[PDB]
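Protein chains in written order, with the entry's author numbering: chain A, 26 to 105, 143 to 512; chain A', 26 to 105, 143 to 512; chain A'', 26 to 105, 143 to 512. A prime marks a further copy of an entry chain. Think of the CB as a built atom: it goes at the ideal place given N, C-alpha and C, for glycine as much as any other residue. Note sheet for the following structure.
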Amino acid sequence: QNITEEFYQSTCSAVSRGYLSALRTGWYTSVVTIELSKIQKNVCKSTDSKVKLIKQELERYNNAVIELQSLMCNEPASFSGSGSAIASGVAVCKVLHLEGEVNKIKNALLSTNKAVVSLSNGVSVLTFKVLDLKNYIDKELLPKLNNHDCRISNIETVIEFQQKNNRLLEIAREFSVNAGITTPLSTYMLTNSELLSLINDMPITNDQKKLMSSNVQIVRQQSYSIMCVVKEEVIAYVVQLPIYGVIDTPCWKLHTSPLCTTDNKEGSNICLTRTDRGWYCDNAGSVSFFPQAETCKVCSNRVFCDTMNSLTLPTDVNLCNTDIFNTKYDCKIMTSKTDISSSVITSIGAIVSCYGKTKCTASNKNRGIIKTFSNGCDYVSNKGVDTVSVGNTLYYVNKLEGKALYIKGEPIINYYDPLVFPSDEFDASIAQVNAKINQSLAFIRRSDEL
Amino acid sequence: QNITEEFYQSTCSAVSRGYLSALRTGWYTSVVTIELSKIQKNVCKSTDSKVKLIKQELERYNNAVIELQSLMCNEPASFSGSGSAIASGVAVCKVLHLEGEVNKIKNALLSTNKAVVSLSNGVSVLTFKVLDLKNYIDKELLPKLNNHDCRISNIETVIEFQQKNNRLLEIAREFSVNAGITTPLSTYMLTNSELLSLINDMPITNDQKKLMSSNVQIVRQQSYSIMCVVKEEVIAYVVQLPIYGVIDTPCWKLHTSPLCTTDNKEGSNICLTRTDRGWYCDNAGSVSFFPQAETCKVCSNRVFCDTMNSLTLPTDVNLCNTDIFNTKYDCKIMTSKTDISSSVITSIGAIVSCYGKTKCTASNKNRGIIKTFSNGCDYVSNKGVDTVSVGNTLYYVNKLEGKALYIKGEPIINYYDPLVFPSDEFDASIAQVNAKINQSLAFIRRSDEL
Amino acid sequence: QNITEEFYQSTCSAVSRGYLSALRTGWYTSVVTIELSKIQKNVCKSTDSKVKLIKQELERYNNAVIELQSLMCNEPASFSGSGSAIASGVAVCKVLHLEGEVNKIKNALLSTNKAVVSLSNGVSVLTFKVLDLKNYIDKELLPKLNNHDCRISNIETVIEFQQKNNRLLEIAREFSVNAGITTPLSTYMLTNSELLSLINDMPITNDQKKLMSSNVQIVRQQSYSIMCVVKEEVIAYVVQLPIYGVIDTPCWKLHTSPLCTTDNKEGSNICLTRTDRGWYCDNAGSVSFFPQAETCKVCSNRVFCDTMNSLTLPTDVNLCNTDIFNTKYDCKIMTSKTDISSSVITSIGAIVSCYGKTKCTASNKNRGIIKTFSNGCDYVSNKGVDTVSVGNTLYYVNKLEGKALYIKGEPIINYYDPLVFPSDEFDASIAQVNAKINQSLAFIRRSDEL
Ligand SMILES: *[C@@H]1O[C@H](CO)[C@@H](O)[C@H](O)[C@H]1NC(C)=O
Ligand SMILES: *[C@@H]1O[C@H](CO)[C@@H](O)[C@H](O)[C@H]1NC(C)=O
Ligand SMILES: *[C@@H]1O[C@H](CO)[C@@H](O)[C@H](O)[C@H]1NC(C)=O
């Protein structure tokens with residue numbers, strides 16, 4: 026009733042079921058501002074111990090401003143091809159290159175720290191001001207020093223200026239090594255207290271807000287931070303947040319391992335494996351498939367993915383899990399005579415493909431080995447199991463507890479004849495190999511009757 | 026006259042033209058030094074609030090010096143195989159393991175911060191001294207504390223010593239997690255003010271200097287920082303800068319998408335796609351091709367790549383863009399019966415390969431959908447277009463404005479017979495498939511005349 | 026007698042021998058604790074320059090504690143599939159979700175900073191307390207401020223509190239961007255002085271301790287740091303250390319390059335290359351093979367790898383280096399008609415595959431070019447050589463000095479007939495291609511006798 030899993034002996038593949046979706050659908054674009062107090066090198070050289078320390082701590086304020094301005098060639102019109147997810151925010155970086163749009167933003171920021179601004183393109187973008195140093199320099203630092211005859215207040219304005227400017231240092235220190243775009247969204251670019259404020263104000267239901275509130279760090283993983291322009295005493299940069307629109311549909315992850323024969327001599331055995339491994343979720347009737355599991359993040363029962371790196375597949379694709387020889391969907395597989403033992407760790411278990419003189423075993427935490435694996439594709443539920451060894455490689459099984467079901471079946475590699483079996487197929491399918499069988503056997507059928 | 030692009034309907038491929046090259050040709054090697062004032066634990070235990078704070082801030086000065094010395098096994102003679147770009151700087155890390163060469167460098171640094179040094183190998187390497195603490199400890203910190211009866215000046219020498227030593231902390235904090243080699247060149251290893259000083263002094267023309275001056279962050283992306291030795295009160299480490307020698311030649315990026323038929327039943331259709339996708343540039347007559355676009359960085363009109371991860375190709379390779387059936391160059395393609403819809407975002411447009419009941423569309427910012435795609439390979443210019451949907455996947459098109467040209471043609475997948483079409487070819491070519499056609503048809507031609 | 030290498034002309038492959046193993050065998054799990062002094066917002070608003078600075082420096086102490094608590098969904102039961147190396151530490155993160163186990167740990171930490179704790183699962187895990195702020199706030203910060211009528215001592219308790227809390231900031235600043243698991247083990251999570259203390263106390267021989275002591279940074283590369291729970295004024299997180307069990311066996315790295323013919327017209331030549339390239343080491347009789355060299359780290363004579371990303375292979379696999387046509391082990395190769403020039407840098411040399419009008423050369427540091435390469439697969443020892451050019455690509459050879467041996471032989475690509483040669487084989491073998499030859503020639507043998 027929580028997290029289940031079923032292993033198919035016929036196909037040497039396992040499916041872990043019970044997960045819930047949270048797919049990235051849109052890009053919540055937003056801009057954060059930093060007020061500035063641009064002053065030139067009018068320094069009064071009263072070389073005192075309380076004056077030079079502010080000279081050092083403000084020269085870093087100078088290196089961390091002109092540096093952001095040189096990063097202007099990213100990205101007005103570059104990034105050809144991939145990485146097209148930031149193009150929803152690059153549309154905002156291009157708006158900030160327009161006169162009057164910069165000024166129209168500084169308006170509603172000097173009175174409430176946050177407000178929605180109407181632009182030239184008109185996109186309803188929110189605005190923030192996370193650090194204000196124009197109001198800390200032109201009111202606290204400039205008047206006591208510029209016209210009051212070079213009067214430094216004390217030493218607590220040197221430590222506080224260090225901590226009020228430390229946030230700006232570690233941002234230019236981060237943007238310069240990232241060509242203007244950072245990911246994940248580091249706490250320097252947005253602390254935890256500020257992010258939870260922006261999520262409550264997104265054009266989304268109260269449901270998705272609770273999700274991104276208790277799962278903060280996952281929102282960071284799939285968020286960006288682009289650098290636009292620096293002009294008119296304002297630092298302008300855009301941060302993209304994921305808009306989860308496909309939520310609460312079921313998900314399941316497919317696990318596959320090679321399935322070979324053990325009734326031949328050395329390399330005279332034949333193998334096959336199901337290709338399309340990874341995460342599958344329901345996305346309005348059709349099935350969204352995520353090949354590289356590197357784009358999906360798992361958090362307890364939740365699965366967060368980006369639909370950009372996904373193949374869209376029809377609902378009739380679940381048939382490969384049971385009846386792989388169905389006429390509606392043609393299931394993809396690969397074939398080879400390469401006979402190598404291997405193991406695959408799943409959600410609540412492990413698949414073992416043992417072939418040859420390989421020492422394949424599953425061991426227990428306390429009493430050592432508990433099951434020696436014979437040759438062939440086998441599976442074991444993690445109940446009481448902790449480690450699995452295959453030759454000189456040892457794996458640990460995730461001790462997430464769940465109900466694992468074994469589905470016995472005739473391994474479909476036996477339904478094939480080794481003579482007319484394809485030597486190697488990269489990404490073939492059931493129909494493509496039965497056609498290649500009907501092709502190689504087409505010569506033997508119509509030539510030996512002489 | 027600025028940035029153009031042309032789509033070939035015959036080949037289901039698009040070429041974006043108008044870019045300008047900037048290829049990494051050489052490795053400007055350089056060494057940066059740090060003077061040290063090695064003092065032993067002769068601490069006067071006058072446990073005062075202004076004494077223990079310097080004890081803490083100098084114990085970090087101790088952890089961040091002995092730590093760099095343990096990182097000596099990288100890289101005197103390791104790194105077998144790949145990563146051979148640092149071998150121009152490792153040649154300098156091996157020179158610093160020689161007596162007398164270390165001393166000969168400390169000479170011209172205590173009087174001008176920078177000078178060229180003749181070595182034992184003799185490579186004209188430049189030298190820098192970005193942070194001097196031997197002159198800040200043995201002159202400011204040591205005399206007031208060691209022999210003046212444990213006399214701490216004040217508290218401004220605790221904050222300034224914090225900021226004068228903070229740079230050393232975040233370097234050993236970075237080298238220890240990077241095994242002695244960091245990339246990109248972080249501002250900790252070299253700030254913006256110091257890098258722009260070294261570029262003006264490189265054995266290059268005034269042209270490449272302006273390039274690396276307005277495109278600083280890109281130079282960082284393709285730069286390294288190796289750790290050599292720590293001895294004789296000196297921290298020694300080498301930083302490699304890219305020497306761009308192939309500059310201002312034209313470049314173009316190739317985009318490809320599957321091209322299939324829609325005149326058969328389910329999987330009875332045939333597909334083909336052009337393999338060699340990516341960046342191409344002119345490099346002295348021949349064409350330098352960059353397969354993994356991850357090694358190329360785009361900055362407006364400029365394209366920066368590393369010629370180490372490039373295939374060198376003859377000039378007669380541009381023929382695949384137009385006349386793919388040319389006798390001079392044999393164009394590479396792959397074939398498959400896999401019929402999956404997909405989209406490819408280009409520079410100023412998007413290619414759509416729509417097959418089956420897939421919902422393929424291009425949508426507008428304001429008025430929603432503007433063109434439904436039929437089955438087959440199609441292209442759309444980004445003029446007024448903003449998004450493209452393929453099933454459950456949505457892409458954003460780069461709104462870089464340019465002149466896109468459509469080149470209509472007969473899709474070459476129709477010139478093939480589905481019976482004698484290769485089931486799957488990984489990286490074949492026109493000649494290799496016409497030979498395999500002339501092979502499969504060789505049996506049907508000389509056996510049915512009975 | 027130190028580092029050797031031999032190139033096989035018959036196979037266009039080189040083997041670098043003389044390296045010594047250090048394979049990751051087990052996971053030394055350990056937990057580090059941080060005592061806390063949880064106080065609520067009972068701040069006395071005596072807005073003084075020495076009071077507000079501690080308010081700022083302690084509000085960061087608040088953001089860096091509640092932030093770690095939201096990262097609780099990683100990883101109680103997630104991470105489906144890959145990344146199963148932390149499951150030895152996740153077993154400890156699951157123990158910390160149990161009442162009484164948290165309290166039983168705080169015992170032996172308030173008196174000796176370190177002791178072994180018996181748990182509910184009972185795993186003998188060590189414990190540490192690297193930073194104590196419960197004893198710095200409830201004894202130094204709380205009594206002077208809470209009940210002594212809001213009395214701030216001085217300003218040296220603001221700088222020291224900055225440096226005593228700076229370590230906690232850059233950890234939550236690192237865990238939040240890493241979803242609770244960081245790698246490599248940064249010095250923030252464990253400084254050099256503390257790591258060398260834990261290695262001396264591992265259930266290992268005195269040998270492996272010296273290894274991980276002079277090779278510290280490599281131990282960091284293959285170590286993790288998981289985040290468990292935050293409760294009862296204690297920060298709990300687990301760090302995994304590698305247990306090297308397979309040590310001091312010989313290792314060798316295989317290098318391969320395409321081997322083609324130069325006796326045909328354009329693409330009428332045939333090529334083949336040995337597939338399984340990378341690191342091989344001895345692991346109890348059998349041979350542990352590491353395909354992706356990205357999992358192996360080289361440090362002088364030592365080679366550190368993780369046996370999780372390794373194929374286990376029989377001892378009879380060294381035969382492919384000499385007699386590739388042996389009956390005991392079937393050597394894997396790939397074939398293609400693609401005739402592209404390329405070079406491969408090895409340990410103490412370089413392999414060059416020169417084909418077509420490609421300009422292939424090896425150049426010297428002083429006197430330029432020293433050997434022009436003819437068409438075919440050739441090798442050169444690094445004695446006096448520094449660079450190798452292939453078309454527009456230039457490589458640097460590692461100037462590690464050693465004894466390179468040339469083993470001349472008949473290139474095995476000539477023993478094949480171009481008519482019945484496979485157009486392309488992804489990962490075939492000698493037997494699989496001789497069978498495909500015995501298949502294509504099976505028709506010509508039994509059909510032309512008419
Ligand atoms: C193979 O050919 C037979 C006729 O001999 C036919 O009945 C069968 O359906 C064919 N199979 C495929 C997969 O085309
Ligand atoms: C295929 O064979 C025919 C002869 O029947 C020949 O004219 C043609 O050039 C051949 N094509 C190839 C690609 O070899
Ligand atoms: C190929 O067939 C011949 C018989 O004509 C046999 O002697 C030889 O061993 C076979 N080779 C292979 C690799 O099967």
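Give me the chain A'' residues within the contact set of residue i, using Cβ-Cβ distance strictly less than 9 Å, ordered along the chain.
i       : result
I243/A' : Ordered by position in chain A'', no residue passes the 9 Å Cβ test against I243/A', which lies about 11 Å from the chain.
Below 6 Å CB to CB, which residues in the same chain sit around residue i once its five sequence neighbours on both sides are set aside?
i      : result
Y44/A' : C313, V365
Which bits of chain A does residue i rub up against, with CB to CB less than 9 Å?
i       : result
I59/A'' : Here the premise fails: no neighbours, minimum Cβ distance about 18 Å.
Residue i and residue j: beta carbons closer than 9 Å?
i        : j        : result
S409/A'' : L462/A'' : yes
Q225/A'' : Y53/A''  : no
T434/A'  : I332/A'  : no
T318/A'' : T337/A'' : yes
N254/A'' : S74/A'   : no
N277/A   : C361/A   : yes
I407/A'' : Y417/A'' : no
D448/A'' : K427/A'' : yes
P320/A'' : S415/A'' : yes
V57/A    : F190/A   : yes
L188/A'' : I59/A''  : no
Run through chain A and tell me which residues come within less than 8 Å of residue i, C-beta to C-beta.
i       : result
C343/A' : Going along chain A, no residue has its Cβ under 8 Å from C343/A', so there is no contact; the nearest lies around 13 Å.
With respect to 8 Å, is the separation between the Cβ of residue i and the closest non-hydrogen atom of ligand 3 below this value?
i        : result
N437/A'' : no
Strictly below 8 Å CB to CB, what residues from chain A'' border residue i?
i       : result
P101/A' : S362
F488/A  : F488
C382/A' : Result: empty, since nearest Cβ-Cβ is about 15 Å, beyond 8 Å.
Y457/A  : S146, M370
Just the Cα atoms here: how many angstroms apart are residue i and residue j?
i        : j        : result
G411/A   : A466/A   : 8 Å
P101/A'' : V157/A'' : 10 Å
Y457/A'  : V459/A   : 38 Å
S173/A   : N216/A'  : 41 Å
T400/A'' : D486/A'' : 9 Å
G242/A   : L252/A   : 16 Å
Please list, in chain order, all residues of the same chain as residue i whose beta carbon is under 7 Å from its beta carbon, the five residues on each side excluded.
i        : result
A47/A    : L273, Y306, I309, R364, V365, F366
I499/A'' : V482
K293/A'' : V164
Cβ of residue i within 8 Å of any heavy atom in ligand 1?
i        : result
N500/A   : yes
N496/A   : yes
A153/A'' : no
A490/A   : no
Give me the chain A' residues within the contact set of residue i, using Cβ-Cβ distance strictly less than 7 Å, ordered along the chain.
i      : result
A493/A : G329
Give the residues of chain A' in contact with residue i, contact being defined as C-beta atoms less than 8 Å apart.
i        : result
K315/A'' : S105, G143
Going along chain A in order, which residues have a C-beta closer than 7 Å to the C-beta of residue i?
i       : result
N88/A'' : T253, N254, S255
Quick one: does the C-beta of residue i sit closer than 8 Å to a heavy atom of ligand 2?
i       : result
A234/A  : no
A493/A' : yes
Applying a beta-carbon distance threshold of less than 7 Å, which residues of chain A'' neighbour residue i?
i      : result
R282/A : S238, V239
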